[PDB]
$ cat final-v3.pdb   # PDB, C-alpha atoms
ATOM      1  CA  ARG A   8       0.000   0.000   0.000  1.00  0.00           C
ATOM      2  CA  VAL A   9       2.270   2.761   1.306  1.00  0.00           C
ATOM      3  CA  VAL A  10       5.244   2.130  -0.960  1.00  0.00           C
ATOM      4  CA  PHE A  11       4.650   4.753  -3.660  1.00  0.00           C
ATOM      5  CA  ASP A  12       4.668   7.605  -1.176  1.00  0.00           C
ATOM      6  CA  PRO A  13       7.325   9.789   0.479  1.00  0.00           C
ATOM      7  CA  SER A  14       7.860   8.384   3.992  1.00  0.00           C
ATOM      8  CA  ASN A  15       4.067   8.639   4.393  1.00  0.00           C
ATOM      9  CA  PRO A  16       3.688   5.494   6.573  1.00  0.00           C
ATOM     10  CA  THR A  17       5.491   7.446   9.344  1.00  0.00           C
ATOM     11  CA  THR A  18       5.114   4.537  11.766  1.00  0.00           C
ATOM     12  CA  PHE A  19       1.315   4.635  11.755  1.00  0.00           C
ATOM     13  CA  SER A  20      -0.367   1.750   9.911  1.00  0.00           C
ATOM     14  CA  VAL A  21       2.600  -0.618  10.055  1.00  0.00           C
ATOM     15  CA  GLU A  22       1.929  -1.281  13.732  1.00  0.00           C
ATOM     16  CA  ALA A  23      -1.809  -1.438  13.045  1.00  0.00           C
ATOM     17  CA  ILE A  24      -0.851  -4.257  10.702  1.00  0.00           C
ATOM     18  CA  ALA A  25      -0.205  -7.627  12.353  1.00  0.00           C
ATOM     19  CA  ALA A  26       3.171  -9.381  12.601  1.00  0.00           C
ATOM     20  CA  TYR A  27       2.495 -11.829   9.737  1.00  0.00           C
ATOM     21  CA  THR A  28       0.741 -10.061   6.862  1.00  0.00           C
ATOM     22  CA  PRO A  29       3.198  -7.076   6.638  1.00  0.00           C
ATOM     23  CA  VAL A  30       6.087  -9.328   5.707  1.00  0.00           C
ATOM     24  CA  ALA A  31       3.531 -11.291   3.689  1.00  0.00           C
ATOM     25  CA  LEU A  32       2.794  -7.968   1.955  1.00  0.00           C
ATOM     26  CA  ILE A  33       6.224  -6.588   1.075  1.00  0.00           C
ATOM     27  CA  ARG A  34       6.736  -9.911  -0.703  1.00  0.00           C
ATOM     28  CA  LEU A  35       3.634  -9.084  -2.784  1.00  0.00           C
ATOM     29  CA  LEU A  36       4.663  -5.790  -4.377  1.00  0.00           C
ATOM     30  CA  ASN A  37       6.441  -6.088  -7.726  1.00  0.00           C
ATOM     31  CA  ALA A  38       7.522  -2.495  -8.421  1.00  0.00           C
ATOM     32  CA  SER A  39       8.767   0.705  -6.805  1.00  0.00           C
ATOM     33  CA  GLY A  40       7.885   4.361  -7.236  1.00  0.00           C
ATOM     34  CA  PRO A  41       8.767   5.689 -10.690  1.00  0.00           C
ATOM     35  CA  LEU A  42       8.321   9.299  -9.591  1.00  0.00           C
ATOM     36  CA  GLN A  43      10.239   8.102  -6.507  1.00  0.00           C
ATOM     37  CA  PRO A  44       8.050   9.665  -3.801  1.00  0.00           C
ATOM     38  CA  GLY A  45       9.529   7.541  -1.033  1.00  0.00           C
ATOM     39  CA  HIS A  46      12.856   7.557  -2.869  1.00  0.00           C
ATOM     40  CA  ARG A  47      13.465  11.246  -3.589  1.00  0.00           C
ATOM     41  CA  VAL A  48      13.514  11.796   0.175  1.00  0.00           C
ATOM     42  CA  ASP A  49      16.858  10.818   1.652  1.00  0.00           C
ATOM     43  CA  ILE A  50      16.414   7.068   2.109  1.00  0.00           C
ATOM     44  CA  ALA A  51      18.183   7.364   5.465  1.00  0.00           C
ATOM     45  CA  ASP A  52      14.768   8.233   6.898  1.00  0.00           C
ATOM     46  CA  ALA A  53      12.897   5.907   4.535  1.00  0.00           C
ATOM     47  CA  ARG A  54      14.619   3.145   6.540  1.00  0.00           C
ATOM     48  CA  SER A  55      14.399   4.560  10.078  1.00  0.00           C
ATOM     49  CA  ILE A  56      10.588   4.466  10.116  1.00  0.00           C
ATOM     50  CA  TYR A  57       9.630   1.024   8.811  1.00  0.00           C
ATOM     51  CA  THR A  58      11.910  -0.648  11.352  1.00  0.00           C
ATOM     52  CA  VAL A  59      10.596   1.071  14.481  1.00  0.00           C
ATOM     53  CA  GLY A  60       7.088   0.606  13.129  1.00  0.00           C
ATOM     54  CA  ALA A  61       7.518  -3.149  12.807  1.00  0.00           C
ATOM     55  CA  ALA A  62       9.114  -3.088  16.252  1.00  0.00           C
ATOM     56  CA  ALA A  63       6.059  -1.540  17.895  1.00  0.00           C
ATOM     57  CA  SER A  64       3.914  -3.888  15.792  1.00  0.00           C
ATOM     58  CA  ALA A  65       5.517  -7.019  17.217  1.00  0.00           C
ATOM     59  CA  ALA A  66       5.617  -5.405  20.662  1.00  0.00           C
ATOM     60  CA  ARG A  67       1.880  -4.757  20.817  1.00  0.00           C
ATOM     61  CA  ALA A  68       1.344  -8.150  19.169  1.00  0.00           C
ATOM     62  CA  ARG A  69       3.107  -9.980  21.990  1.00  0.00           C
ATOM     63  CA  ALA A  70       1.668  -7.646  24.640  1.00  0.00           C
ATOM     64  CA  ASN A  71      -1.263 -10.076  24.797  1.00  0.00           C
ATOM     65  CA  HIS A  72       1.129 -12.810  25.925  1.00  0.00           C
ATOM     66  CA  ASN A  73       1.746 -10.755  29.059  1.00  0.00           C
ATOM     67  CA  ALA A  74      -1.558 -12.286  30.210  1.00  0.00           C
ATOM     68  CA  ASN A  75      -0.207 -15.858  30.216  1.00  0.00           C
ATOM     69  CA  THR A  76       3.459 -15.005  30.881  1.00  0.00           C
ATOM     70  CA  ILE A  77       5.172 -13.906  34.067  1.00  0.00           C
ATOM     71  CA  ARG A  78       6.410 -10.418  34.914  1.00  0.00           C
ATOM     72  CA  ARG A  79      10.058 -10.521  33.873  1.00  0.00           C
ATOM     73  CA  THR A  80      12.121  -9.981  37.025  1.00  0.00           C
ATOM     74  CA  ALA A  81      15.677  -8.715  37.389  1.00  0.00           C
ATOM     75  CA  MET A  82      18.285 -11.417  36.813  1.00  0.00           C
ATOM     76  CA  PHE A  83      21.184  -9.675  38.581  1.00  0.00           C
ATOM     77  CA  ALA A  84      22.070  -8.395  42.041  1.00  0.00           C
ATOM     78  CA  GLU A  85      20.781  -4.845  41.523  1.00  0.00           C
ATOM     79  CA  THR A  86      20.885  -3.519  45.083  1.00  0.00           C
ATOM     80  CA  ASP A  87      17.363  -2.602  46.327  1.00  0.00           C
ATOM     81  CA  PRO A  88      16.313   0.287  48.595  1.00  0.00           C
ATOM     82  CA  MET A  89      15.288  -2.522  50.973  1.00  0.00           C
ATOM     83  CA  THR A  90      18.554  -4.448  50.537  1.00  0.00           C
ATOM     84  CA  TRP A  91      19.071  -3.973  54.251  1.00  0.00           C
ATOM     85  CA  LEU A  92      17.910  -6.909  56.395  1.00  0.00           C
ATOM     86  CA  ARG A  93      18.085  -9.161  53.316  1.00  0.00           C
ATOM     87  CA  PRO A  94      20.548  -9.549  50.420  1.00  0.00           C
ATOM     88  CA  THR A  95      19.221  -9.343  46.871  1.00  0.00           C
ATOM     89  CA  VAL A  96      19.418 -12.279  44.453  1.00  0.00           C
ATOM     90  CA  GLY A  97      19.351 -12.600  40.690  1.00  0.00           C
ATOM     91  CA  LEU A  98      17.317 -15.153  38.768  1.00  0.00           C
ATOM     92  CA  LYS A  99      18.554 -17.088  35.744  1.00  0.00           C
ATOM     93  CA  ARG A 100      15.627 -17.181  33.339  1.00  0.00           C
ATOM     94  CA  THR A 101      15.902 -20.919  32.671  1.00  0.00           C
ATOM     95  CA  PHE A 102      12.356 -22.032  33.511  1.00  0.00           C
ATOM     96  CA  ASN A 103       9.619 -22.453  30.931  1.00  0.00           C
ATOM     97  CA  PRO A 104       7.450 -19.362  31.574  1.00  0.00           C
ATOM     98  CA  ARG A 105       4.393 -20.848  29.811  1.00  0.00           C
ATOM     99  CA  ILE A 106       1.918 -21.243  32.672  1.00  0.00           C
ATOM    100  CA  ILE A 107      -0.943 -23.737  32.701  1.00  0.00           C
TER     101      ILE A 107
ATOM    102  CA  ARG B   8      -5.266 -48.011 -27.826  1.00  0.00           C
ATOM    103  CA  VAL B   9      -2.774 -45.741 -29.575  1.00  0.00           C
ATOM    104  CA  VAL B  10      -0.129 -47.783 -31.354  1.00  0.00           C
ATOM    105  CA  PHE B  11      -1.275 -47.672 -35.000  1.00  0.00           C
ATOM    106  CA  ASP B  12      -1.297 -44.012 -35.976  1.00  0.00           C
ATOM    107  CA  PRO B  13       1.296 -41.511 -37.248  1.00  0.00           C
ATOM    108  CA  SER B  14       1.756 -38.749 -34.643  1.00  0.00           C
ATOM    109  CA  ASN B  15      -1.963 -38.796 -33.834  1.00  0.00           C
ATOM    110  CA  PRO B  16      -1.157 -38.907 -30.062  1.00  0.00           C
ATOM    111  CA  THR B  17       0.600 -35.507 -30.325  1.00  0.00           C
ATOM    112  CA  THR B  18       0.259 -34.974 -26.536  1.00  0.00           C
ATOM    113  CA  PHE B  19      -3.435 -34.289 -27.137  1.00  0.00           C
ATOM    114  CA  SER B  20      -5.280 -37.593 -26.855  1.00  0.00           C
ATOM    115  CA  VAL B  21      -2.924 -39.077 -24.260  1.00  0.00           C
ATOM    116  CA  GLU B  22      -2.968 -35.689 -22.505  1.00  0.00           C
ATOM    117  CA  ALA B  23      -6.161 -36.546 -20.606  1.00  0.00           C
ATOM    118  CA  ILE B  24      -5.384 -40.229 -20.011  1.00  0.00           C
ATOM    119  CA  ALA B  25      -4.174 -41.023 -16.497  1.00  0.00           C
ATOM    120  CA  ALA B  26      -0.716 -42.045 -15.263  1.00  0.00           C
ATOM    121  CA  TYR B  27      -1.243 -45.622 -14.078  1.00  0.00           C
ATOM    122  CA  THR B  28      -3.229 -46.473 -17.230  1.00  0.00           C
ATOM    123  CA  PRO B  29      -0.703 -45.744 -20.031  1.00  0.00           C
ATOM    124  CA  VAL B  30       1.915 -47.596 -18.010  1.00  0.00           C
ATOM    125  CA  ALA B  31      -0.765 -50.292 -18.002  1.00  0.00           C
ATOM    126  CA  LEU B  32      -1.912 -49.616 -21.567  1.00  0.00           C
ATOM    127  CA  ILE B  33       1.532 -50.193 -23.049  1.00  0.00           C
ATOM    128  CA  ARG B  34       2.319 -53.391 -21.136  1.00  0.00           C
ATOM    129  CA  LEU B  35      -1.212 -54.378 -22.166  1.00  0.00           C
ATOM    130  CA  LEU B  36      -0.965 -53.876 -25.915  1.00  0.00           C
ATOM    131  CA  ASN B  37       0.716 -56.693 -27.824  1.00  0.00           C
ATOM    132  CA  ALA B  38       0.668 -55.548 -31.445  1.00  0.00           C
ATOM    133  CA  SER B  39       3.308 -54.708 -34.029  1.00  0.00           C
ATOM    134  CA  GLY B  40       2.571 -52.369 -36.919  1.00  0.00           C
ATOM    135  CA  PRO B  41       1.232 -54.436 -39.814  1.00  0.00           C
ATOM    136  CA  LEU B  42       1.033 -51.615 -42.367  1.00  0.00           C
ATOM    137  CA  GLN B  43       3.633 -49.634 -40.438  1.00  0.00           C
ATOM    138  CA  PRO B  44       0.638 -47.398 -39.610  1.00  0.00           C
ATOM    139  CA  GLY B  45       2.466 -45.472 -36.908  1.00  0.00           C
ATOM    140  CA  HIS B  46       5.922 -46.761 -37.781  1.00  0.00           C
ATOM    141  CA  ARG B  47       6.240 -44.570 -40.880  1.00  0.00           C
ATOM    142  CA  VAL B  48       7.283 -41.712 -38.607  1.00  0.00           C
ATOM    143  CA  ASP B  49      10.913 -42.313 -37.691  1.00  0.00           C
ATOM    144  CA  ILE B  50      12.491 -42.242 -34.241  1.00  0.00           C
ATOM    145  CA  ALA B  51      12.544 -38.427 -34.448  1.00  0.00           C
ATOM    146  CA  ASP B  52       8.939 -38.147 -33.247  1.00  0.00           C
ATOM    147  CA  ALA B  53       8.239 -41.843 -32.665  1.00  0.00           C
ATOM    148  CA  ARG B  54       8.927 -41.280 -28.959  1.00  0.00           C
ATOM    149  CA  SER B  55       8.945 -37.477 -28.716  1.00  0.00           C
ATOM    150  CA  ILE B  56       5.153 -37.296 -28.713  1.00  0.00           C
ATOM    151  CA  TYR B  57       4.977 -40.097 -26.160  1.00  0.00           C
ATOM    152  CA  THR B  58       7.392 -38.429 -23.745  1.00  0.00           C
ATOM    153  CA  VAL B  59       5.780 -34.999 -23.951  1.00  0.00           C
ATOM    154  CA  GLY B  60       2.385 -36.660 -23.576  1.00  0.00           C
ATOM    155  CA  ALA B  61       3.470 -38.558 -20.487  1.00  0.00           C
ATOM    156  CA  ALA B  62       4.717 -35.243 -19.113  1.00  0.00           C
ATOM    157  CA  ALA B  63       1.335 -33.643 -19.778  1.00  0.00           C
ATOM    158  CA  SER B  64      -0.499 -36.621 -18.261  1.00  0.00           C
ATOM    159  CA  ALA B  65       1.652 -36.604 -15.131  1.00  0.00           C
ATOM    160  CA  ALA B  66       1.230 -32.838 -14.739  1.00  0.00           C
ATOM    161  CA  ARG B  67      -2.539 -33.223 -15.052  1.00  0.00           C
ATOM    162  CA  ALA B  68      -2.284 -36.198 -12.686  1.00  0.00           C
ATOM    163  CA  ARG B  69      -0.128 -34.476 -10.055  1.00  0.00           C
ATOM    164  CA  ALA B  70      -2.003 -31.170 -10.221  1.00  0.00           C
ATOM    165  CA  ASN B  71      -4.456 -32.586  -7.667  1.00  0.00           C
ATOM    166  CA  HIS B  72      -2.056 -32.745  -4.717  1.00  0.00           C
ATOM    167  CA  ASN B  73      -1.519 -28.990  -5.101  1.00  0.00           C
ATOM    168  CA  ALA B  74      -4.782 -28.432  -3.210  1.00  0.00           C
ATOM    169  CA  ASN B  75      -3.152 -29.556   0.065  1.00  0.00           C
ATOM    170  CA  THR B  76       0.479 -28.485  -0.277  1.00  0.00           C
ATOM    171  CA  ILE B  77       2.684 -25.525   0.561  1.00  0.00           C
ATOM    172  CA  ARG B  78       3.490 -22.903  -2.054  1.00  0.00           C
ATOM    173  CA  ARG B  79       6.775 -23.465  -3.886  1.00  0.00           C
ATOM    174  CA  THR B  80       8.837 -20.352  -3.166  1.00  0.00           C
ATOM    175  CA  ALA B  81      12.340 -19.060  -3.846  1.00  0.00           C
ATOM    176  CA  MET B  82      14.957 -21.717  -3.167  1.00  0.00           C
ATOM    177  CA  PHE B  83      17.883 -19.328  -3.764  1.00  0.00           C
ATOM    178  CA  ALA B  84      18.743 -15.669  -3.164  1.00  0.00           C
ATOM    179  CA  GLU B  85      16.774 -14.479  -6.201  1.00  0.00           C
ATOM    180  CA  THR B  86      16.702 -10.711  -5.649  1.00  0.00           C
ATOM    181  CA  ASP B  87      13.224  -9.172  -5.400  1.00  0.00           C
ATOM    182  CA  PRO B  88      11.559  -6.029  -6.768  1.00  0.00           C
ATOM    183  CA  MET B  89      11.651  -5.123  -3.058  1.00  0.00           C
ATOM    184  CA  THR B  90      15.271  -6.202  -2.584  1.00  0.00           C
ATOM    185  CA  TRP B  91      15.887  -3.157  -0.430  1.00  0.00           C
ATOM    186  CA  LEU B  92      14.568  -2.660   3.107  1.00  0.00           C
ATOM    187  CA  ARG B  93      14.959  -6.429   3.631  1.00  0.00           C
ATOM    188  CA  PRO B  94      17.299  -9.139   2.294  1.00  0.00           C
ATOM    189  CA  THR B  95      15.811 -11.811   0.058  1.00  0.00           C
ATOM    190  CA  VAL B  96      16.556 -15.308   1.343  1.00  0.00           C
ATOM    191  CA  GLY B  97      16.226 -18.787  -0.091  1.00  0.00           C
ATOM    192  CA  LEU B  98      14.454 -21.676   1.590  1.00  0.00           C
ATOM    193  CA  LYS B  99      15.586 -25.279   1.880  1.00  0.00           C
ATOM    194  CA  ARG B 100      12.709 -27.637   1.084  1.00  0.00           C
ATOM    195  CA  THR B 101      13.596 -30.086   3.853  1.00  0.00           C
ATOM    196  CA  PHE B 102      10.121 -29.909   5.434  1.00  0.00           C
ATOM    197  CA  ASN B 103       7.172 -32.149   4.575  1.00  0.00           C
ATOM    198  CA  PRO B 104       4.879 -30.572   1.947  1.00  0.00           C
ATOM    199  CA  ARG B 105       1.861 -32.679   3.023  1.00  0.00           C
ATOM    200  CA  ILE B 106      -0.624 -30.487   4.903  1.00  0.00           C
ATOM    201  CA  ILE B 107      -3.161 -31.896   7.366  1.00  0.00           C
TER     202      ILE B 107
ATOM    203  CA  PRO C 868      -4.620 -19.928  23.318  1.00  0.00           C
ATOM    204  CA  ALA C 869      -3.798 -19.959  27.023  1.00  0.00           C
ATOM    205  CA  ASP C 870      -5.462 -23.283  27.844  1.00  0.00           C
ATOM    206  CA  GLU C 871      -2.970 -25.948  26.688  1.00  0.00           C
ATOM    207  CA  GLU C 872       0.760 -26.630  26.421  1.00  0.00           C
ATOM    208  CA  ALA C 873       3.246 -25.232  23.926  1.00  0.00           C
ATOM    209  CA  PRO C 874       4.201 -27.207  20.805  1.00  0.00           C
ATOM    210  CA  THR C 875       7.205 -29.527  20.899  1.00  0.00           C
ATOM    211  CA  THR C 876       7.887 -31.399  17.660  1.00  0.00           C
ATOM    212  CA  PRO C 877       8.526 -29.758  14.266  1.00  0.00           C
ATOM    213  CA  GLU C 878       5.758 -31.838  12.668  1.00  0.00           C
ATOM    214  CA  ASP C 879       3.194 -30.195  15.013  1.00  0.00           C
ATOM    215  CA  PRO C 880       0.834 -27.602  13.451  1.00  0.00           C
ATOM    216  CA  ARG C 881       1.010 -25.010  16.241  1.00  0.00           C
ATOM    217  CA  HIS C 882       4.869 -25.338  16.082  1.00  0.00           C
ATOM    218  CA  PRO C 883       6.868 -22.596  14.318  1.00  0.00           C
ATOM    219  CA  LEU C 884       8.736 -25.330  12.420  1.00  0.00           C
ATOM    220  CA  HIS C 885       5.768 -26.966  10.685  1.00  0.00           C
ATOM    221  CA  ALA C 886       5.363 -26.542   6.942  1.00  0.00           C
ATOM    222  CA  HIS C 887       2.828 -23.769   7.575  1.00  0.00           C
ATOM    223  CA  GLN C 888       4.791 -21.157   9.515  1.00  0.00           C
ATOM    224  CA  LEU C 889       7.551 -21.133   6.859  1.00  0.00           C
ATOM    225  CA  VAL C 890       6.398 -17.783   5.516  1.00  0.00           C
ATOM    226  CA  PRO C 891       8.869 -16.511   2.887  1.00  0.00           C
ATOM    227  CA  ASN C 892      11.453 -14.030   4.163  1.00  0.00           C
ATOM    228  CA  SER C 893      10.638 -14.662   7.821  1.00  0.00           C
ATOM    229  CA  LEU C 894      13.281 -15.004  10.509  1.00  0.00           C
ATOM    230  CA  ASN C 895      11.853 -18.492  10.990  1.00  0.00           C
ATOM    231  CA  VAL C 896      13.462 -19.643   7.738  1.00  0.00           C
ATOM    232  CA  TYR C 897      16.969 -19.162   9.141  1.00  0.00           C
ATOM    233  CA  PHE C 898      16.235 -21.365  12.143  1.00  0.00           C
ATOM    234  CA  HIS C 899      14.794 -23.968   9.777  1.00  0.00           C
ATOM    235  CA  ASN C 900      17.644 -23.493   7.338  1.00  0.00           C
ATOM    236  CA  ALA C 901      19.974 -24.230  10.243  1.00  0.00           C
ATOM    237  CA  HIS C 902      17.634 -27.111  11.192  1.00  0.00           C
ATOM    238  CA  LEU C 903      17.260 -25.932  14.789  1.00  0.00           C
ATOM    239  CA  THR C 904      14.025 -27.322  16.250  1.00  0.00           C
ATOM    240  CA  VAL C 905      13.561 -24.472  18.725  1.00  0.00           C
ATOM    241  CA  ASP C 906      10.100 -23.382  19.834  1.00  0.00           C
ATOM    242  CA  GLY C 907       8.415 -19.986  19.844  1.00  0.00           C
ATOM    243  CA  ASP C 908       8.536 -19.156  23.537  1.00  0.00           C
ATOM    244  CA  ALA C 909      12.236 -18.580  22.917  1.00  0.00           C
ATOM    245  CA  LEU C 910      11.683 -16.602  19.709  1.00  0.00           C
ATOM    246  CA  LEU C 911       9.301 -14.410  21.718  1.00  0.00           C
ATOM    247  CA  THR C 912      12.183 -13.207  23.900  1.00  0.00           C
ATOM    248  CA  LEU C 913      14.235 -11.496  21.193  1.00  0.00           C
ATOM    249  CA  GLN C 914      12.095  -8.379  21.628  1.00  0.00           C
ATOM    250  CA  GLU C 915      13.669  -7.287  24.897  1.00  0.00           C
TER     251      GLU C 915
END

$ encode --input "final-v3.pdb" --output "structure tokens"
Amino acid sequence: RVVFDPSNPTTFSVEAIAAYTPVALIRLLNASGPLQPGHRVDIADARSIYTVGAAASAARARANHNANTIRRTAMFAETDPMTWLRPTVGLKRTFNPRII
Amino acid sequence: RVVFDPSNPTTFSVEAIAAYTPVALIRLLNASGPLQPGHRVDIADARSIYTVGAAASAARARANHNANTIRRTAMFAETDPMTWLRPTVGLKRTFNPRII
Amino acid sequence: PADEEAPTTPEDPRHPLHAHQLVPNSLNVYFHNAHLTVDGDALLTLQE
């Protein structure tokens, strides 16, 4: 959709897209912009938007898993304001977090 | 059926015949050309028609499994019209193409 | 869904290594190129 346009996605619909069909979509286009809308702009920004967009896409996509996955806890010492009267401990994230 | 005719097969009649049948049809038939009815055409197209017809009959015979298989995609690099913004990658076909 | 266990074998449908999930140009193809039968609960953790 937004390929023949100067940086017009601007990290808006890419995250509204899922984490499967966007990559299933870039593989569908068969041409680029002849007038080069999204190419006449310095491509340096034409890159730095799609990436962060897909990032937030996958982030909000997995945000649902935070309902069946544990709150990720610190794995290191990381002295605590209540580190008196008890010494902190890390936690090696070895367990399978998938609850039942 | 088709032994006594010059080039009449021409991957047209045998096109619709199945795969297990012509393998059966040819071990079935037991006739040599009395008038050289199909033997007047030399080796040039004596077998050419048969091979292309078997190809057509297998293709029509194997087209059915395509309804429950995965899409054949790029096996190699094979640069894309969207080669930028993501690197095109091949795919080893080591998985089982039989869908549930 | 959140009612059952995670997939284990690569011939399992809900497994990222079935024939289905092999979407072209997905980071799953590398792990199947390398023939590493790793599940998705690990792939999920690359985000952090």

$ residues_around --input "final-v3.pdb" --residues "segment 29-32 of chain B" --least-positions-apart "5" --cutoff "12 Å" --atoms "all atoms listed in the file" --output "JSON, numbers by chain"
{"B": [8, 9, 10, 20, 21, 22, 23, 24, 37, 38, 57, 58, 60, 61, 62, 64, 65]}

$ interface_residues --input "final-v3.pdb" --of "chain A" --to "chain C" --cutoff "9 Å" --atoms "only C-alpha atoms" --output "JSON, numbers by chain"
{"A": [27, 30, 31, 34, 62, 65, 66, 69, 72, 74, 75, 103, 104, 105, 106, 107]}

$ write_last_selection --input "final-v3.pdb" --atoms "C-alpha atoms" --output "PDB file, in the coordinates of the input"
ATOM      1  CA  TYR A  27       2.495 -11.829   9.737  1.00  0.00           C
ATOM      2  CA  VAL A  30       6.087  -9.328   5.707  1.00  0.00           C
ATOM      3  CA  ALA A  31       3.531 -11.291   3.689  1.00  0.00           C
ATOM      4  CA  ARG A  34       6.736  -9.911  -0.703  1.00  0.00           C
ATOM      5  CA  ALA A  62       9.114  -3.088  16.252  1.00  0.00           C
ATOM      6  CA  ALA A  65       5.517  -7.019  17.217  1.00  0.00           C
ATOM      7  CA  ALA A  66       5.617  -5.405  20.662  1.00  0.00           C
ATOM      8  CA  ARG A  69       3.107  -9.980  21.990  1.00  0.00           C
ATOM      9  CA  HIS A  72       1.129 -12.810  25.925  1.00  0.00           C
ATOM     10  CA  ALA A  74      -1.558 -12.286  30.210  1.00  0.00           C
ATOM     11  CA  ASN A  75      -0.207 -15.858  30.216  1.00  0.00           C
ATOM     12  CA  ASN A 103       9.619 -22.453  30.931  1.00  0.00           C
ATOM     13  CA  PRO A 104       7.450 -19.362  31.574  1.00  0.00           C
ATOM     14  CA  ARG A 105       4.393 -20.848  29.811  1.00  0.00           C
ATOM     15  CA  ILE A 106       1.918 -21.243  32.672  1.00  0.00           C
ATOM     16  CA  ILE A 107      -0.943 -23.737  32.701  1.00  0.00           C
TER      17      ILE A 107
END

$ calpha_fit_and_write --input "final-v3.pdb" --fixed "chain B" --moving "chain A" --output "compact mmCIF listing (two decimals) with C-alpha atoms, in the frame of the given file"
# COMPACT_ATOMS: atom_id res chain seq x y z
CA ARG A 8 -5.36 -48.02 -28.86
CA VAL A 9 -3.29 -45.49 -30.80
CA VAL A 10 -0.35 -47.74 -31.66
CA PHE A 11 -1.27 -48.78 -35.21
CA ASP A 12 -1.41 -45.21 -36.44
CA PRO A 13 1.11 -42.65 -37.75
CA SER A 14 1.89 -40.30 -34.84
CA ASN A 15 -1.89 -39.87 -34.51
CA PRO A 16 -1.92 -39.55 -30.68
CA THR A 17 -0.20 -36.15 -31.15
CA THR A 18 -0.23 -35.50 -27.41
CA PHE A 19 -4.03 -35.51 -27.15
CA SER A 20 -5.52 -38.56 -25.42
CA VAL A 21 -2.36 -39.58 -23.57
CA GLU A 22 -2.84 -36.73 -21.11
CA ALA A 23 -6.57 -37.45 -20.97
CA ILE A 24 -5.46 -40.87 -19.79
CA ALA A 25 -4.46 -41.11 -16.12
CA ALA A 26 -0.94 -41.72 -14.80
CA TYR A 27 -1.51 -45.43 -14.04
CA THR A 28 -3.51 -47.07 -16.84
CA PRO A 29 -1.33 -45.75 -19.75
CA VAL A 30 1.71 -47.64 -18.54
CA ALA A 31 -0.74 -50.40 -17.61
CA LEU A 32 -1.82 -50.26 -21.27
CA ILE A 33 1.44 -50.30 -23.21
CA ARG A 34 2.17 -53.49 -21.27
CA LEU A 35 -1.06 -54.92 -22.73
CA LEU A 36 -0.37 -54.65 -26.46
CA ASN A 37 1.30 -57.68 -28.03
CA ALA A 38 2.04 -56.48 -31.58
CA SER A 39 3.07 -53.47 -33.65
CA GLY A 40 1.86 -52.04 -36.94
CA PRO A 41 2.50 -54.36 -39.88
CA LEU A 42 1.78 -51.62 -42.41
CA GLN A 43 3.91 -49.52 -40.03
CA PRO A 44 1.69 -46.42 -39.83
CA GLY A 45 3.44 -45.06 -36.76
CA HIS A 46 6.69 -46.60 -37.99
CA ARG A 47 6.95 -45.39 -41.59
CA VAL A 48 7.09 -41.85 -40.20
CA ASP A 49 10.56 -41.01 -38.93
CA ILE A 50 10.45 -42.49 -35.43
CA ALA A 51 12.31 -39.41 -34.18
CA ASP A 52 8.89 -37.77 -33.90
CA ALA A 53 7.14 -41.00 -32.90
CA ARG A 54 9.16 -40.62 -29.68
CA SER A 55 8.95 -36.85 -29.12
CA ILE A 56 5.16 -36.90 -28.67
CA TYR A 57 4.46 -39.76 -26.26
CA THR A 58 6.96 -38.36 -23.76
CA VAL A 59 5.62 -34.81 -23.57
CA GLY A 60 2.12 -36.25 -23.52
CA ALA A 61 2.86 -38.39 -20.48
CA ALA A 62 4.56 -35.36 -18.97
CA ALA A 63 1.45 -33.20 -19.21
CA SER A 64 -0.56 -36.22 -18.02
CA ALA A 65 1.35 -36.52 -14.76
CA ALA A 66 1.44 -32.73 -14.46
CA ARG A 67 -2.33 -32.31 -14.59
CA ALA A 68 -2.63 -35.44 -12.43
CA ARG A 69 -0.62 -33.88 -9.62
CA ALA A 70 -2.16 -30.44 -10.18
CA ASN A 71 -4.86 -31.54 -7.74
CA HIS A 72 -2.21 -31.90 -5.04
CA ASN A 73 -1.66 -28.15 -5.31
CA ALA A 74 -4.77 -27.95 -3.11
CA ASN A 75 -3.12 -29.71 -0.15
CA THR A 76 0.48 -28.66 -0.90
CA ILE A 77 2.21 -25.33 -0.42
CA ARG A 78 3.17 -22.85 -3.13
CA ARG A 79 6.77 -23.76 -3.89
CA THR A 80 8.89 -20.73 -2.98
CA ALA A 81 12.34 -19.75 -4.22
CA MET A 82 15.15 -21.56 -2.42
CA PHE A 83 17.95 -19.12 -3.31
CA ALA A 84 18.84 -15.48 -2.78
CA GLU A 85 17.24 -14.17 -5.98
CA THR A 86 17.35 -10.43 -5.37
CA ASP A 87 13.81 -8.93 -5.22
CA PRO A 88 12.60 -5.54 -6.49
CA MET A 89 11.91 -4.89 -2.79
CA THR A 90 15.31 -6.18 -1.65
CA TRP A 91 15.91 -2.72 -0.26
CA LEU A 92 15.09 -2.34 3.44
CA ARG A 93 15.35 -6.12 3.84
CA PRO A 94 17.73 -8.80 2.51
CA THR A 95 16.26 -11.79 0.70
CA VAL A 96 16.62 -15.35 2.01
CA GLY A 97 16.45 -18.77 0.43
CA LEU A 98 14.57 -21.73 1.87
CA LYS A 99 15.86 -25.30 1.92
CA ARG A 100 12.87 -27.47 1.08
CA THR A 101 13.44 -29.91 3.95
CA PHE A 102 10.04 -29.77 5.65
CA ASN A 103 7.26 -32.25 4.99
CA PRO A 104 4.85 -30.18 2.84
CA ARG A 105 1.87 -32.49 3.53
CA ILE A 106 -0.45 -30.23 5.52
CA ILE A 107 -3.09 -31.48 7.95

$ resolve_selection --input "final-v3.pdb" --expression "the ChimeraX specification (/A :<8) & /B" --output "MDAnalysis selection string"
chainID B and resid 87:89 92

$ atom_distance --input "final-v3.pdb" --atom1 "atom CA of residue 42 of chain A" --atom2 "atom CA of residue 28 of chain A"
26.5 Å

$ atom_distance --input "final-v3.pdb" --atom1 "atom CA of residue 86 of chain A" --atom2 "atom CA of residue 101 of chain A"
21.9 Å
